[PDB]
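Quick notes on the structure that follows.
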Amino acid sequence: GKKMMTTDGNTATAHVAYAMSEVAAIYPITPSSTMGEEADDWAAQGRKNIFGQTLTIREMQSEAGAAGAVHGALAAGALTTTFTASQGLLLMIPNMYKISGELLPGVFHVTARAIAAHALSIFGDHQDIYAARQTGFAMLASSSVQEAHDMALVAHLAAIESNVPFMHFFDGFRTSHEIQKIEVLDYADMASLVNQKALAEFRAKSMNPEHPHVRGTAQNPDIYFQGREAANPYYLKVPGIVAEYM
Amino acid sequence: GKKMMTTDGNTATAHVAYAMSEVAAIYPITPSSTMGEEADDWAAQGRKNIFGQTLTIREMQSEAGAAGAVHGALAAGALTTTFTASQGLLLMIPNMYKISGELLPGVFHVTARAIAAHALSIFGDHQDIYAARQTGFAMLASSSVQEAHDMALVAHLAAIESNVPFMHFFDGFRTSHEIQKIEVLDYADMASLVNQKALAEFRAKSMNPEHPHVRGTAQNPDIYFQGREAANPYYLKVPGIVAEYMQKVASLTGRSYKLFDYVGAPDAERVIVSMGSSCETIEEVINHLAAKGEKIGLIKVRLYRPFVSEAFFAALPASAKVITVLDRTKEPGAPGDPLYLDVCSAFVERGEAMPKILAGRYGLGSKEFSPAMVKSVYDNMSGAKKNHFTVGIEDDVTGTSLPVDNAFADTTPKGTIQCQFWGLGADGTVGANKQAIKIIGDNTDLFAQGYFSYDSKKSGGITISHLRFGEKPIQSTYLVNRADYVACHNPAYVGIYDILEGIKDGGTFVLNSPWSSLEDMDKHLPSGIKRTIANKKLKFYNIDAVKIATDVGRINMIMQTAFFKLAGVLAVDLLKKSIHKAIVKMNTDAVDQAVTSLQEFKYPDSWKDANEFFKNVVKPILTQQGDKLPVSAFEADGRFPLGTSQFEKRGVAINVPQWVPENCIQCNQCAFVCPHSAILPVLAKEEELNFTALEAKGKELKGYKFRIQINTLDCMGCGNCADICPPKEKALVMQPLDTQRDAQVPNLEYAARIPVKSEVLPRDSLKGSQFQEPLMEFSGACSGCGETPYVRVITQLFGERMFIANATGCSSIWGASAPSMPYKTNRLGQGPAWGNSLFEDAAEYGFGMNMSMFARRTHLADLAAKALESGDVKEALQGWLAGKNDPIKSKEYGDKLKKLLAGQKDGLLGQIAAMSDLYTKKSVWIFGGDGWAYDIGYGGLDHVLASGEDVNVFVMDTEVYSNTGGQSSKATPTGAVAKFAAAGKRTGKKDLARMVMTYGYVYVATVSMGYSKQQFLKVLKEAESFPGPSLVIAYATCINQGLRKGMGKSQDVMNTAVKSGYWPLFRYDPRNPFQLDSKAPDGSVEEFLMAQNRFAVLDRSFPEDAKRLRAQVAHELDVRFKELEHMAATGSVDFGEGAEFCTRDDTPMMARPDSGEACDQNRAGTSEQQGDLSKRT
Amino acid sequence: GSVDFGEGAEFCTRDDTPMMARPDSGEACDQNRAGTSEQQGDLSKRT
Amino acid sequence: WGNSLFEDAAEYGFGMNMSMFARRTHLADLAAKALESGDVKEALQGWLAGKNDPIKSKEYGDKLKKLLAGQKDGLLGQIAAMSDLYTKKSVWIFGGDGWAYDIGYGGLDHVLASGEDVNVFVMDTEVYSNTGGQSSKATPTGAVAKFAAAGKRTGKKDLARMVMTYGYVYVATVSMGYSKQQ
Amino acid sequence: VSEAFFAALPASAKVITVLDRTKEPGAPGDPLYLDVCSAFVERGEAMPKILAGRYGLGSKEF
Ligand SMILES: Cc1ncc(C[n+]2csc(CCOP(=O)(O)OP(=O)(O)O)c2C)c(N)n1
Ligand SMILES: Cc1ncc(C[n+]2csc(CCOP(=O)(O)OP(=O)(O)O)c2C)c(N)n1
Ligand code: SF4
Ligand code: SF4
Ligand code: SF4
Ligand SMILES: [Ca+2]
Ligand SMILES: [Mg+2]
Ligand SMILES: [Mg+2]
């Protein structure tokens, strides 16, 4: 379904994320505000995701709020994405721990931006993405605009299948805003790549009063270690999923 | 200036931090709240730092606020410290980046606590500290209490000198709370260690208008790299500073530390590299194995960041061939845990011979790390080496566990006494044991270690205490497992738990038991315990201490006497004098009668010859034996099933109520009121049925028998029901449990099978609502908790279609503490969908639920609209589509659709039948306390509650941080005594309701159940009915409020709270939108305040302050209600298109692909002025 | 000045959970498990 | 001038307030210890009594900085060491609609309910002016912004009326184009 | 995944520089350098020279 368009990394990534998501909670932060703004633009116009619905976009009071709303939408059984940059990612980490702890299949699209240490900065480096290795997200990187499109698609598919949340990151103000002529896939072509069995399973295990479960308990020295060590198979399976979807 | 005191890690660290700081901004978080609380205590008393001033302590709304306040105090030139734990540290990291970026010399004291991944946890591991390596802090670690004191001192001195902020961390609930006898330095001695030149320089370079500078700029690709790379010298200098200050402190105390320390055989081949309290236990194990010729050792890491390979290799013996790097963290998918990566990088950068390096996980969530596990780690090194293992748990999902032999003999050094004290909560066992440790420490030359295991259950929980008293210093940093002396303070446990699993051969076993006879012990002592006592030749001492205490007119003193005469550590004179220091005659008589009463029991020799989920996991977890549970038992995502509290059956109340059927007026208020749902209104038919039932009254209750069944085993004995029972001759009378359980347990077992009649009466009504099944039953809340009845009524109205976003607080501690889940599924199986995200983001979690449900039901609507194009299915689909916003119509037509579309798995119809759980409209609820709604999760709550989406938030306003030790909130009202309000809080209650009411599109209503139950019910119904945001704040009572008559008066107290005008009731309905449901104040505010222990203490301390504060409270509630009466009496397009001027700058923060079209930049003047300039020229 | 809202109260102002543990805490106290003070007096009188 | 972060400017300013409070109390204790030449005693008493007034504190701080020139010994040397703490300081918190309204709101509310002498000035542009003009809570009803492309449906966040519920906070709304004297 | 990393890495490679766009004060190395070093330690085979370099901080030109 390859069609050529001339866009930057924000547009290339937001195209695929709009296709592959139904819920998006976004806080504005440079250089990632473009993806959320154009997603809200397309939602207002009426663009349809792979499931044939307009993507539901909401704006939070913070990026902590964006990560929390992402957690709620993933827990309730909706495909969720968010767009992030540095200070946003720092505010997002503690909820990313919960998102990977519950094995919820979200995709964060992060534009690499400096962390304010001696001075605030909006430009690109990998400090924010490296600050989030421990959270348990899978982390995918894109070198160019074409690779941003391809890797955003791979991240969404592998997040659906693997039940491990993904962070997709491309360089800020070096890929986010560099116009380039790239071929993108038609939404019909990327729709056929979804693992329908995994999508149905993901909707089944989600929070719902008809089949209720308790998520978010408080545990004591006795059983916390086992609940930590019981999520290893999903991580042993995610890399093969990423390779196969590549 | 060394003085000996017996304290835990919190006290040892807060001592030094108080000396070395002048400003401290603190948020409460377990296990670090103690340091801040005692710092505020000393500030209120008047303790002086090294500079001779009381330390200025403030409390923030969050730990982000604590880190920001720390930044401001460091920037303005004050020595600043803060105390942190896991979630706090995660919220602190982004400001820690700024603090290290500006080279500001702060010290954070972090207690290591788990990060909530699959479940919240308050216990110890290094996940939070490892999450903060990148921030640029220097990171110092302390193995024991003495090392916590020393390392806190070193951290403050090196932070002052090096201009690099420091993080000091010690293990949480393993060093934070383990009492030990340590020598501390006098403040005069630690004052002389400060580098005065560096302190003066630090004050000079700080933010001040007299010598102003710009800090916090915004830089561009051109110069940011250099400003990053210009801070390298300070980090190249900090490690030498830390080493030199270790030397300077060691000169004073006599204990020498290095950046990396080595303990063990110099010619050792198997070396563990560790960090934290485990370094103690391993050392102890080494001191065992070294006596058997073992060539093993240990490297203890003190300075984690910056990592200095020079020190590491100076510690590492060159004969070492295999190294295991033990880490208390899990990073999913990382090539290794952080310390392993650091050691590997050190060996790669050296380039010399590279020994074998192994990585292992241990002690996650303060999981035990015992000598046997250390031995197994060394054995793994010795042969059949395994990389990336876990030690301590039985892994069976990925095979990453070492085998552990649990027959490792006593490694604790000879000369030590081990004591286990099992007790029932608040029977005074831990208080008596702390007194014992303090007495022995102050009066002898023995080191006294004491650890206190607790329980998740607030009322009636078990409390285990492990005490060691040794001539040599106590390095055993783990729970006792082979005890010299066991003491059971509650005979109820003798069947419920294994009291003698930690006994030794001949170990004295002292049992509290009324049955002090040969035959009665034969009848009551379980065969297993009898066989143990007979076989291993114990010294069994049985005493009935309750009779002794009742005679002398609290079993604390008899038990302490039993310890002081039977432990062997010493005693009689010491305990007598200690009682004298603290009526007196009764205590000494109890001491002497206990002295006479203790005698060995001549046991019989024949004594040596004598759902499914619950049965598998929950019963073993409850009996404190889930350490044997493998990893196959636990869900990968950490979810737990509902309805686990139902099989608890814990009869811990002393007094349970009895129903007197003759007086009952069948009002259903004792059920509406009960906090643990031990009251079951059984409404039956005559053909359906000791089980005395009445004739139910009213037209709806025509042929029904009525009964009020008491859940005798699941009763907490709070007396709320009996105190609320209307008839002046009480239909409910509190009677001893032993005289009412035997005839009431079978009655409830029978009554559990009567169908619940939920259609006879509406659920909006009091009696009818109580005629519906409660979906939140048997919490772990405190007996008489003022929060559980509200949530139980909410689930009785909405439990079938409900999402709960539960903030962190008591709501989450009793709503889910593994393995007990009060929430349960109804007969159809549709329970509440309960989830806890974090403390600060419950609101955003619930809002996200709302968005997900909105999206999926719109997708369902689109599918149904596509399926409109058999006639019955068309009618069902149209009926659902029209009325999907009504829960009743949506439920009806969803049932219709689920009947019609059975097995439909093809096409649009198959798709529509696929999501059958989205038919009936769902009610997402947000449950949290005063702290969440008021302090930390406030911004998210405000945003979700101003967005306009149909979400409902219920506030359990206990006016305090009830869950965490009762610290001040913003709900904490004027003149209230709490933590961080020791003199009485001076700021008023946070007017959260009046804040939200300013929006005008939010339903706001305040409720109190003790006052009126009908207003609460109407409020719930019209809150879930409002198509928009809805906020409801419920006055709730907590045991921290110190009700002087008891928690049974909760409702009464609740009632009084609304009569006096302290807690008005009102409803703001946007659909005069405001209205007052509450009457004018009665003027009885002083009685209500004096009724609660906080104001009683405030009076006992400062009467003039207390009376002024109470006057201001009365005046402010008068004017607040005066204000209430004053106001109750009466498509896509962009904003930048087609504008003459630019709506966008040219900065990169405002760049988009559409932008860039030429436009007028307001640089040639206004349009009118431009026209004038054109006209004139 | 310093004083704690838990001193000199007939009932416990603290649970036994680890989230509410301090070195001062642990003194024996009534846990609201035998009923209210008035109801306790009534039970004592009747028996 | 200092910028901390977007969400924590309020806590940064509050921390400034605490640091200044602590250091000036330490100065007060030093001066009270130095009370026990007569001109220095009069200067110190005059500053101690009127350290809460910026004008009197400035006057007597100038007096003290004249008297204690080069004094580098004892209590007097210590008192002369911190000559930048004489005149009472005014800590200000400057931020826009987004900070005061959306993200730094909790910290602002806490510092502005604590009761300590801090002053916060809101440059309410009704929008996230810095970042592309996205919707705020100050963004009023029927306004077109980013994430309000069809016109915002929720009203302005009544921040002033929220804070005024405390009753111990000075709240005042200003507009310079309307009147400069107010 | 060290399997993929070593499948990419040519066996004739003798010197590796791991470029990172981050600064961690006091860390033994930046995160990607530590990952590659751990991969080579866990392989146990010949260990080429591994160098670490910083570049492009704050969208600095590279
Ligand atoms: C960010 C963060 N800081 C601190 C804590 C520790 N904590 C857990 S519950 C709680 C207090 C809960 O307050 P509130 O909402 O009033 O609840 P309740 O009093 O009903 O327990 C605190 C401070 C935490 N979990 N997360
Ligand atoms: C946590 C975080 N999220 C997002 C940003 C990006 N950001 C910088 S300024 C700004 C908006 C500022 O809003 P406001 O207070 O109204 O300021 P003004 O409109 O006057 O510029 C945003 C979103 C940030 N710096 N930090
Ligand atoms: S509260 Fe008393 S009168 Fe009312 S139903 Fe219960 S037992 Fe009967
Ligand atoms: S209200 Fe209290 S005393 Fe009555 S049944 Fe419930 S827990 Fe027991
Ligand atoms: S809110 Fe208070 S009474 Fe209720 S469980 Fe928590 S501490 Fe106990
Ligand atoms: Ca509603
Ligand atoms: Mg509370
Ligand atoms: Mg603005």
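Each residue's number is its place along the chain shown, starting with 1.
Just so you know, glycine gets a Cβ as well, placed from its N, Cα and C.
Residues or ranges marked as pyruvate binding site in Swiss-Prot (evidence: experimental evidence): B:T30, B:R113. Secondary structure from DSSP puts B:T30 (pyruvate binding site) in coil. The Cβ of B:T30 (pyruvate binding site) has B:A85, B:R113, B:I122, B:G172, B:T964 as same-chain neighbours under 8 Å, each 6 or more residues away in sequence.
All chains included, 31 other C-beta atoms sit within 10 angstroms of the C-beta of B:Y961 (thiamine diphosphate binding site). Per Swiss-Prot, the feature thiamine diphosphate binding site maps to B:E63, B:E787, B:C810, B:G929, B:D930, B:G931, B:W932, B:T958, B:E959, B:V960, B:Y961, B:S962, B:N963.
What Swiss-Prot records for B:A426, B:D427, B:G428, B:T429, B:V430, B:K458, B:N556, B:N587 is CoA binding site, and it gives similarity to another entry as the kind of evidence. The local packing around B:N587 (CoA binding site), expressed as other Cβ atoms within 10 Å of its Cβ over all shown chains, amounts to 19.
The annotation [4Fe-4S] cluster 1 binding site is assigned in Swiss-Prot to B:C664, B:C667, B:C670, B:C725. Around B:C667 ([4Fe-4S] cluster 1 binding site), the same-chain residues six or more apart in sequence whose CB sits under 8 Å from its CB are B:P726, B:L766, B:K767, listed in sequence order.
Following the DSSP three-state reduction, the secondary structure of B:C674 ([4Fe-4S] cluster 2 binding site) is coil. Long-range Cβ neighbours of B:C674 ([4Fe-4S] cluster 2 binding site) (same chain, at least 6 residues apart, Cβ-Cβ under 8 Å): B:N720, B:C721, B:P789. As annotated by Swiss-Prot, [4Fe-4S] cluster 2 binding site applies to B:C674, B:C715, B:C718, B:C721.
The [4Fe-4S] cluster 3 binding site annotation in Swiss-Prot covers B:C782, B:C785, B:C810, B:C1038. Secondary structure from DSSP puts B:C785 ([4Fe-4S] cluster 3 binding site) in coil.
The feature Mg(2+) binding site is assigned by Swiss-Prot to B:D930, B:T958, B:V960, with experimental evidence given as support. When secondary structure is read from DSSP and collapsed to three states, B:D930 (thiamine diphosphate binding site) falls in the helix class.
Annotation source Swiss-Prot lists Ca(2+) binding site at B:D950, B:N952, B:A1023, B:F1026, B:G1028, B:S1030. DSSP gives B:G1028 (Ca(2+) binding site) a coil state; it is part of no helix or strand.
Sorting each residue of the compositional bias 'Polar residues' (B:1163-1172) by its DSSP state yields 6 helix, 0 strand, 4 coil. Per Swiss-Prot, compositional bias 'Polar residues' is recorded for B:1163-1172.
What Swiss-Prot records for B:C1142-B:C1159 is disulfide bond. According to DSSP, B:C1142 (disulfide bond) sits in a coil region rather than a helix or strand. Sequence-distant contacts (6 or more apart, same chain, Cβ under 8 Å) of B:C1142 (disulfide bond) comprise B:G1136, B:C1159, B:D1160, B:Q1161, B:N1162.
Residues or ranges marked as domain '4Fe-4S ferredoxin-type 1' by Swiss-Prot: B:655-684. Same-chain residues lying 6 or more positions outside the domain '4Fe-4S ferredoxin-type 1' (B:655-684) and placing a CB less than 8 Å from one of its CB atoms are 692-694, 696-697, 701, 704-712, 714-722, 724-727, 729-737, 740-741, 744, 748, 751-752, 754, 756-757, 760, 766-767, 769-771, 774, 776-779, 781, 783-789, 792-793, 1009, 1013, 1050-1051.
The domain '4Fe-4S ferredoxin-type 2' annotation in Swiss-Prot covers B:706-737.
For B:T30 (among others), the entry in Swiss-Prot reads site 'Important for catalytic activity', with the evidence type an author's statement.
The site 'Important for catalytic activity' annotation in Swiss-Prot covers B:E63 (among others) and is backed by an author's statement. Sequence-distant contacts of B:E63 (thiamine diphosphate binding site), defined as residues of its own chain at least six apart whose C-beta falls under 8 angstroms from its C-beta, comprise B:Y27, B:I29, B:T84, B:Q87, B:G88, B:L89, B:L91, B:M92.
All protein chains shown were included, and the count of other CB atoms within 10 Å of the CB of B:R113 (pyruvate binding site) stands at 31. The annotation site 'Important for catalytic activity' is assigned in Swiss-Prot to B:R113 (among others).
The annotation site 'Important for catalytic activity' is assigned in Swiss-Prot to B:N963 (among others). Taken residue by residue with DSSP, B:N963 (thiamine diphosphate binding site) is part of neither helix nor strand, so it is coil.
For the recorded Ca(2+) site, residues B:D950, B:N952, B:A1023, B:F1026, B:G1028, B:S1030 set the reference point as the centre of their Cβ atoms, and the other residues of that chain within 8 Å of it by Cβ are B:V951, B:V1002, B:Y1003, B:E1024, B:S1025, B:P1027, B:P1029. Checking the binding-site residues B:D427, B:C725, B:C810, B:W932, B:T958, B:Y961 for a CB within less than 6 Å of any atom of ligand 1 leaves B:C810, B:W932, B:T958, B:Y961, listed in sequence order.
Within the chain carrying the compositional bias 'Polar residues' (B:1163-1172), a Cβ under 8 angstroms from the stretch's Cβ atoms is held by residues 1140, all 6 or more beyond its ends. The two recorded residues, B:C725 ([4Fe-4S] cluster 1 binding site) and B:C718 ([4Fe-4S] cluster 2 binding site), show a Cα separation of 13 Å.
Screening the recorded positions B:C664, B:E959, B:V960, B:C1142 for a C-beta under 6 A from any atom of ligand 3 leaves B:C664.
When secondary structure is read from DSSP and collapsed to three states, B:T958 (Mg(2+) binding site) falls in the coil class. Taking Cα separation as the measure, B:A1023 (Ca(2+) binding site) is nearest to B:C810 of the binding-site residues B:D427, B:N556, B:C782, B:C810, B:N963.
Around B:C1159 (disulfide bond), a 10 Å sphere centred on its CB holds 14 further CB atoms from the protein chains shown.
Neighbour counts of Cβ atoms within 10 Å were compared for the binding-site residues B:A426, B:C718, B:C721, B:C725, B:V960, and the top value is held by B:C718. Sequence-distant neighbours of B:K458 (CoA binding site) (same chain, 6+ residues apart, CB-CB distance under 8 A): B:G425, B:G780, B:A781, B:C782, B:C785, B:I813, B:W814.
Secondary structure at B:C667 ([4Fe-4S] cluster 1 binding site), as computed by DSSP, is coil. Of the listed binding-site residues, namely B:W932, B:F1026, the sparsest Cβ surroundings within 10 Å are found at B:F1026. Cβ-based crowding with a 10 Å cutoff singles out B:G428 as the top-ranked of the binding-site residues B:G428, B:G1028. Of B:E63, B:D427, B:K458, B:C782, listed as binding-site residues, those near chain C by the criterion of a Cβ under 8 Å from one of its Cβ atoms are B:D427, B:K458, B:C782.
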